[PDB]
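Participant: here is the sequence, then the experimental structure:
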Amino acid sequence: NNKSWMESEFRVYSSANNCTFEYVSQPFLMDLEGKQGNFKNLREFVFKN
Amino acid sequence: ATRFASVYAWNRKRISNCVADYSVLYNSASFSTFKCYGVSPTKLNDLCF
Amino acid sequence: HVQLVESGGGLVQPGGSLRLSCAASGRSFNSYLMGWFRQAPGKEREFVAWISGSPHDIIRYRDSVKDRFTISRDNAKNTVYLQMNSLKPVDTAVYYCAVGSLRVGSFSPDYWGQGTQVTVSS
Amino acid sequence: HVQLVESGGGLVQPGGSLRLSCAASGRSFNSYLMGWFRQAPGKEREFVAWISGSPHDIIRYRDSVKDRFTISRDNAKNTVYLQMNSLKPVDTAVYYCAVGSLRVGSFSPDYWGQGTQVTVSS
């Protein structure tokens, strides 16, 4: 469409309402690359509330 | 603001997740009116809202 | 959980003062407004007064009772105070203590107590 | 010496609700029937309701007070709670609490209290 791989179908939520706050924080990048072979990165996350 | 809406269509902006400091403009006396009804013009800022 | 407990009820003469206090426990209410409502038996509970827990405490009263049933509160104890002054028989009612939040600039009760009977008779 | 003490009376305009309570002390009331009686000024005393303290709660009401007055008891505190709903001016009277036995299947009061005034008027 423009060039190379891109994300074009954002099908997460139909509507956003009653917003409280929003961040544009900096990367977990990562990219849109599609290489193969062994899984070359390991990411671990812990979520607590 | 580069543009202001009419009184019947007053524009609203929500403020959240930040620190509110307006002493820079309060002391300049650059506003024809600074009416604070039932609240001190400066001490209202010394609290978490 | 949050509970409201009243105290100080009874019956007072027309023109005789009184005080009703309701303590609020469970959580903190510094962002809330401490208030009271009264329900004359056989009628709909009418506002009395509310006070905010802020450095610039805002106070509202009810038309029939404005400037007569003084209201105050405590932030450390989380309690609401209602000092009734120079009453008349029309003031007979069941007084409830309300704990709420300021939504759109209007006192919006969230938690309610069990109430207490404050009567005025000749 | 068995003693009964009433509480919860006052003035309630028509359409309101009230909670009358009586506490009994002196001896166990497991085998006793606990009920309420009322007597309006200028009129003879009339039976209101009674309830049993047995595990199976046997409950009764007078014909006029069916579906509008409710009576309950707590054996742990030896206390009886009476709910007034949809009160009318005809309900103005002095209400008493009675402790009695079940003789020939009829509630027979044995101990009486002092009574509390319940007035119903605008």
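Facilitator: In hand now; what should we look at? Numbers count the residues shown, from 1 in each chain, chains lettered A, B, ... in the order given.
Participant: rest of the way, CA atoms for contacts and neighbours
Facilitator: Noted.
Participant: report the central residue of chain C.
Facilitator: residue C:36 (2.1 Å; C-alpha atoms, centre = their mean).
Participant: tally of neighbours for the residue of chain B at minimum distance from chain D?
Facilitator: Residue nearest to chain D within chain B: residue B:38 (38.9 Å; C-alpha to the nearest C-alpha). By other C-alpha atoms under 10 Å in any protein chain shown, 10 other residues sit near residue B:38.
Participant: pretty sure it contacts residue C:54?
Facilitator: No - Residue B:38 is beyond contact range of residue C:54, at 11.9 Å (criterion: C-alpha atoms under 8 Å).
Participant: ranges for the strands of chain C?
Facilitator: For chain C, the strands defined by DSSP state E cover C:4-7, C:10-12, C:18-24, C:32-39, C:46-52, C:59-61, C:69-74, C:79-84, C:93-103, C:106-112, C:116-120.
Participant: same check, this time on chain A
Facilitator: Going by DSSP E, chain A shows no strands.
Participant: identify the residue of it closest to chain D, quick one.
Facilitator: Counting by C-alpha to the nearest C-alpha, chain A gets nearest to chain D through residue A:18 (40.5 Å).
Participant: show me the contacts for that residue.
Facilitator: With contact set as C-alpha atoms under 8 Å, 6 or more residues apart in numbering or on different chains, residue A:18 has no partners.
Participant: for chain D, what is the nearest residue in chain C?
Facilitator: At 4.4 Å from chain D, residue C:42 is the closest residue in chain C, using C-alpha to the nearest C-alpha.
Participant: burial count for residue C:16?
Facilitator: The burial count for residue C:16: 13, using other C-alpha under 10 Å.
Participant: the residue nearest to it when sequence neighbours are not counted: how many residues sit nearby?
Facilitator: Once flanking residues are discounted, residue C:16 sits nearest to residue C:86: 5.1 Å by C-alpha to C-alpha, 6 or more residues apart in numbering or on different chains. Burial of residue C:86 is recorded as 13 neighbouring residues (other C-alpha under 10 Å).
Participant: next to chain B, which bits of chain C? Give me the list.
Facilitator: C:31, C:55, C:56, C:58 (C-alpha under 8 Å from any C-alpha of the partner chain).
Participant: for these, which entry has the maximal number of neighbours?
Facilitator: residue C:31 (15 neighbours).
Participant: what about that one, distance to residue C:78?
Facilitator: 11 Å (C-alpha to C-alpha, to the nearest Å).
Participant: ok, now residue A:20?
Facilitator: Taking C-alpha to C-alpha, one finds residue A:20 at 28 Å from residue C:78.
Participant: neighbour-wise, which of the two wins?
Facilitator: Taking neighbours as other C-alpha under 10 Å, residue A:20 and residue C:78 compare with residue C:78 leading, 20 against 9.
Participant: great, nothing more from me.
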